[PDB]
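Note sheet for the following structure.
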Amino acid sequence: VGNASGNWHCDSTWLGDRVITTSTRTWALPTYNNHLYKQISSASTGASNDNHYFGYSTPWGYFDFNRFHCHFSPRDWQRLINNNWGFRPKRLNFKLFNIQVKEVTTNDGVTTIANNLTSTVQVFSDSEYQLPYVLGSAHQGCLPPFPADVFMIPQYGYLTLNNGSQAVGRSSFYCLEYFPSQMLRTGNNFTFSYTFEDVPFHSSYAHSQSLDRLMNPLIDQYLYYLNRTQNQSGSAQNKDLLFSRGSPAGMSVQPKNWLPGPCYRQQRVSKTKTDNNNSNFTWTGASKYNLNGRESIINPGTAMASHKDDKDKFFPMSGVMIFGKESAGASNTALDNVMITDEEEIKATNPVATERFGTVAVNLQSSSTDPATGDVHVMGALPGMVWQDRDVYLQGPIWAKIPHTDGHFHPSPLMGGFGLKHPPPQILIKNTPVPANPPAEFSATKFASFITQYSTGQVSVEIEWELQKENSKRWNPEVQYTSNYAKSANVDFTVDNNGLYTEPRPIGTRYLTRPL
Amino acid sequence: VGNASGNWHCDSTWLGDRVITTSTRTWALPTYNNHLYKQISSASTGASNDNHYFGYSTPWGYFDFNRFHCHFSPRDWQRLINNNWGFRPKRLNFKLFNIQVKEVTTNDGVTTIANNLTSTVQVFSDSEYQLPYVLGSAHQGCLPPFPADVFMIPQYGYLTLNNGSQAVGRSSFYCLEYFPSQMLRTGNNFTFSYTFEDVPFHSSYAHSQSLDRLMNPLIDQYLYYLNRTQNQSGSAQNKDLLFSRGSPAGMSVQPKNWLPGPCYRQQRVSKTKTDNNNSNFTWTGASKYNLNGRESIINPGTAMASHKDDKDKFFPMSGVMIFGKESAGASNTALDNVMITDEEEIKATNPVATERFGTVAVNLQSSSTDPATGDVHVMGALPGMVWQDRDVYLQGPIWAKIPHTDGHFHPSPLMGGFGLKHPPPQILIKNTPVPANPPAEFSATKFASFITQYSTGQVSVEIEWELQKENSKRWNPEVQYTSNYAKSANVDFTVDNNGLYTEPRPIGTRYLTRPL
Amino acid sequence: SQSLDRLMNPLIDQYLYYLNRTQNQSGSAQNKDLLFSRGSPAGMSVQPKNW
Amino acid sequence: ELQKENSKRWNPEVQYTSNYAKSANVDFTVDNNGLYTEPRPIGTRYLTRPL
Amino acid sequence: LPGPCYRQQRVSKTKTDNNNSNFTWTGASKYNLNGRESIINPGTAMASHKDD
Amino acid sequence: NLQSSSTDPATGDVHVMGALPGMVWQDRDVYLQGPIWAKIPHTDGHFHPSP
């Protein structure tokens, strides 16, 4: 009661091929739905057969830290980037301590808050993945990137089989109260350990060679190919068949061994509105998939390059990660209030999201006006493909539960990060309802007179990350993320005079190089 | 919760060649910056390119006892002085107990304070010197020289590379929340031990001989020197060269072996305004150094004597330690509200801050009107120099972190005291934020509704001081600091009818004598 | 990350004083007098340093 | 013998890097005539530490 | 860099080459210590004469 | 001084130095009839305590 339940453990430790990050934040949890489960749907709303949903709202909250900046600090994030070809999660240690349940009452303008010492808050971990996993969707409410900040616990809500604002019979309704949970008073605590499964290192490197440019620029090939089918000689046209062998002179015609990654073309958009086509093609123009009638737009889809060459002003309509900007709005907001990621270090293996994959024949030439070369806007597969995946970001996601089905393909989370069959389980928390003064005679009616109260406390999260040191005999210097040494009124990743932490821009992880 | 976390340990123990002082004070710590870090600078203010700054304000407080009177009592300070040639710090024991976190609320004039039993206060020690050390600067907020007094914990604030109210890229922003800290409830406590590094004893002695007066006043020297170059004989002038050997008759011309300490002349100022020159030369006249454009005045600089001979009414414009006077103001204030220290027992080795170091030749005499003897106002170095350092005072500083660079010189803190590569680390303390009642639906916006509350408690500090007994065969009595045995209405170092502790005047440490 | 002249805490004053003004303003143009003030973030170039 | 850095500096550090921009000549290499050239001198002071 | 230096006045052994007057005191180099200043004998280790 | 449109230079003779990192010097030679030792004054500090 009068004894601390835990200490403030927050720091980072660098150990050769491993790094350990520990974060601690102060949280606050209010009573949700007034201790009630509620049925929710898109019934009697803006409608739209492509936005219908059916689920439930639980009085439970949940802890989430699926954002990198929850663990690594800007400086740490830098050290990782400039010196490591890759990294991965390993172990996990979750702590919940210093439970403070506060009771609140108001009257005639007077609002006084008191301590309900004899109160409990329930906690449990869905370590069997029996409940709907909602951490895969980049939602807000995670641990504040700034340690001194205080946050609220996001409310838990799930969805089920819906048929246009109307459920089916095979739909599932889950009750979190049907789970064994540990009740904690002001002097209690809650600990939990997790072990990440074996997954490939993240690509924190950028290729030094393009898939199409691997051969030796000094030696010819012992292979030949159809050079000219027209045959020049002074007769304008005379058919004939001629062949030639590859050479540094013509690299685009040499026989390769592999092919660029898959491709699902999207529409292009210029940052300068003055350069954009008119009309509102946001929806009617965007690329989307059709799933049981209701079709959904495609966010960062197939890992494709954002822009080509110098044209750094273009970007996929919905093929890039876009983060907020502290003060940014919810609906309006212009460019100067958002941050668009630039997937560029992928142009060496993956195609460009806006342009075509390639060209394919469509007919024969038997006395027919050949050819028929048609543009390809959607590929996928083909034995021999080689591609990079989407890069992760400081404020970007971390992991995502790989849907349990009969099959999948390169289960890399399209939003970036790691795909885990068994990811860090959901940690659910809830304030125990404390009924107010009951009547003086029995009433089998559902009780509804509860004492309004909330709870606060700290929370620690320790994660051990396995690194992968770089081994390159590259002679010339490397590209490194650095801060503008120039004079400035504001220091990047700090606080303003009003005291507010702002993240200047998103940061990738691909700066060091490696031969393809 | 209902059990004391510690006792009131405050006393002194004299043990031959060692003395142990233990102090205990009651502290109070309010929430700073509303749990926020803020960017601060001299942007949009009185300007002045010599007063620009750029730093940050932390919600953290800090414990400081870098003042002698925090440990030694007036009587103790006397015993030390009258009987010891020197002394030094040895061990350190810091205790933090009886944590009392109080919660406060106000409404319609009504202000009631309550106990938040289930609350914590964070504490940690920068034992790796990773954070900006701000104890070197004689700031206020230390432990009250009077035990019964209660004090507040000073707020922590640091500065970084600034370019005229505008930072650079190489500037550093530190977050104290990124440090592992121990959280304490009402029944918890915090202990810490430190070991002072090996440093020379402080000079608690005054020389019995002047550097220029060491030789035997009864014996001549076997060395000669140019006595007269004019040659008298009745021809008014006749060149010639004559030599003579040293003698008690002429001591100022005898060959010595050493030289007085360094010197950086300052302007002189008389206590009697009527004797002072007109105008405001405080700035345009004072001595200062130029560091990257912005120049800063020089406080107690090179250890030089304050006044010479009888002229005890003069003092360096900025070469002496000046303490307040309890009721003294901040800007105005006249002589009768300040206390100026008198560095006098140093005239035997060190020069006078106001006068010149000496005279130096500036040319030859080859048929040229010699000499050229020019005054010296700045010296430093020279093999053979010997000097004393600035004396410490009862209310004066104690230690100071020696800046980590490639080199330094006699790293004695100019303000006096001891120079420590690894000084007593900074002890930072902070009230854990307790969020008020949150909404009923999620909001990823930065939380800002906190329950206002403060904390109080005691704090113990034990320090073992190594002494250095005196060994002098001096026959005649010594000078001792004593109290005016005469009748008086007020007893020195006590309290008035209104109950207020006042320190009559500053006290040096140099009373006993020792042959040079 | 810090300049020798800029180490002190930009939030706390100093318990040390120094000769602030030797001219003394009051409406008599010039009137000598001696006045002192203690260091402050307001005037860092006049605060007592250590090195 | 090296001396690893131990700084709890939050914000990124200044690092020596190569101009990622397009260029006809790669720094610290050889020209068509085969001659090694060193673009410019390089210091060693990029990382930071509290004074 | 060469060692420290505290220049002194020069004197020729041949009086005929010396400047007039008695600069022995008013010309010599000395330090000031608490009012009473004292001449400087062999001070900073400096060479006596140069070249020939 | 500087040279900004100002009649430079200003090269002034030095008659007193001392210190400066990088200095190297010899000490006074001893003589057959010369001194031998000398007690180094006990103070807070000194510099190359060669008599």
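Protein chains in written order, with the deposited numbering: chain A, 221 to 736; chain B, 221 to 736; chain C, 428 to 478; chain D, 686 to 736; chain E, 479 to 530; chain F, 583 to 633. Every residue gets a Cβ at the ideal spot worked out from N, C-alpha and C, and that includes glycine.
query, result
"So, at 6 Å on beta carbons, what are the nonlocal neighbours of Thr-672 of chain B in its own chain, with the 5 sequence-adjacent residues on each side left out?", "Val-324"
"At what residues does the alpha helix (DSSP H) containing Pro-294 of chain A begin and finish?", "294-303"
"Given 8 Å as the limit, is there contact between the region 354-371 of chain A and the region 242-259 of chain A, that is, 3 or more CB pairs closer than that?", "yes"
"In three-state DSSP terms, what is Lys-493 of chain B?", "helix"
"Any idea what DSSP makes of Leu-602 of chain A, helix, strand or coil?", "coil"
"Can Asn-651 of chain A and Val-354 of chain A be called in contact, C-beta distance under 8 Å?", "no"
"Buried or exposed: which applies to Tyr-398 of chain A, given that a residue is buried once 16 or more other Cβ atoms fall within 10 Å of its Cβ?", "exposed"
"Tell me, please, which residues DSSP counts as bridged to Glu-684 of chain B.", "B:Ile-240, B:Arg-311"
"Is the CB-CB distance between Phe-292 of chain B and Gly-616 of chain B below 8 Å?", "no"
"Does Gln-474 of chain C come within less than 8 Å of chain D when only Cβ atoms are used?", "no"
"Of all the residues that make up the region 583-610 of chain F, which are near chain E by a beta-carbon distance shorter than 8 Å?", "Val-596, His-597, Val-598, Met-599, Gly-600, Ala-601, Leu-602, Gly-604, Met-605, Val-606, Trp-607, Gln-608, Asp-609, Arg-610"
"In chain order, what residues of the region 686-705 of chain D put their CB closer than 7 Å to some CB of chain G?", "Any reference to chain G falls outside this structure, whose protein chains are A, B, C, D, E and F."
"Could you tell me whether the Cβ of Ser-347 of chain B comes closer than 8 Å to any Cβ of chain D?", "no"
"Give me the subset of the region 386-412 of chain B whose CB atoms are less than 9 Å from a CB atom of chain A, sorted by chain position.", "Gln-386, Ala-387, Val-388, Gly-389, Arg-390, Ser-391, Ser-392, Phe-393, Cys-395, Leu-396, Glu-397, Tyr-398, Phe-399, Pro-400, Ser-401, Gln-402, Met-403, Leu-404, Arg-405, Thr-406, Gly-407, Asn-408"
"Give me, in chain order, the residues of the same chain whose beta-carbon lies closer than 8 Å to that of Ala-656 of chain B; leave out the 5 immediate sequence neighbours on both sides.", "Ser-669, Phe-670, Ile-671"
"Quick check on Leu-555 of chain B: does DSSP put it in helix, strand or coil?", "helix"
"Who are the near neighbours of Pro-726 of chain B in its chain, counting only those whose CB is closer than 8 Å to its CB and skipping five residues on each side?", "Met-541, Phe-543, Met-559, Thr-561, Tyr-613, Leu-614, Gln-615, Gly-616"
"Just to confirm before moving on: does the CB-CB distance between residue 742 of chain B and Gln-486 of chain B stay below 8 Å?", "Since the first residue shown for chain B is 221 and the last is 736, residue 742 of chain B is missing from the structure and cannot be characterised."
"Would you call the region 231-245 of chain B and the region 327-342 of chain B in contact, with 3 or more CB pairs under 8 Å?", "no"
"Below 8 Å between beta carbons: does that hold for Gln-320 of chain A and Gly-677 of chain A?", "yes"
"If you follow the alpha helix (DSSP H) that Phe-501 of chain B is part of, which residue opens it and which one closes it?", "501-504"
"Could you work out which residues of chain A lie near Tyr-257 of chain B, taking near to mean beta carbons separated by less than 7 Å?", "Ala-368, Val-715, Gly-719"
"Closer than 7 Å by C-beta to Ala-581 of chain A: which residues in its own chain qualify, once you throw out the five before and the five after it? Chain order, please.", "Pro-591, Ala-592, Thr-593"
"Please tell me whether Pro-623 of chain B has its Cβ less than 8 Å away from any Cβ of chain D.", "yes"
"Quick one: measure Cβ to Cβ for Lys-315 of chain B and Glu-686 of chain B, integer angstroms, because I've assumed they're closer than 8 Å.", "About 22 Å separates the two Cβ atoms, so there is no contact after all."
"Comparing the C-beta of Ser-453 of chain C with each C-beta of chain B, is any distance below 8 Å?", "no"
"What residue range is occupied by the uninterrupted beta strand (DSSP E) comprising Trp-607 of chain A?", "It is not in any beta strand (DSSP E) - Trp-607 of chain A carries neither H nor E in the DSSP assignment."
"Taking the alpha-carbon positions, what's the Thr-504 of chain E to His-597 of chain F distance?", "17 Å"
"Once DSSP output is grouped into helix, strand and coil, what is the label at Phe-288 of chain B?", "helix"
"What does the Cβ neighbour count give for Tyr-484 of chain B, buried or exposed, with the cut at 16 atoms within 10 Å?", "buried"
"Please go through the same chain and pick out, in chain order, the residues whose beta-carbon is closer than 7 Å to the beta-carbon of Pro-437 of chain C, but skip the five residues on each side of it.", "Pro-468"
"Counting only Cβ pairs nearer than 8 Å, list the residues of chain D close to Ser-293 of chain A.", "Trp-695"
"Among A:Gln-298, A:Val-330, A:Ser-490, which has the Cα closest to the Cα of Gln-700 of chain A?", "A:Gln-298"
"What do you reckon, are the CB atoms on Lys-689 of chain A and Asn-304 of chain A nearer than 8 Å?", "yes"
"At the 8 Å Cβ level, is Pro-726 of chain D part of the contact set with chain B, yes or no?", "no"
"The beta strand (DSSP E) spanning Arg-448 of chain B covers which residue range?", "444-448"
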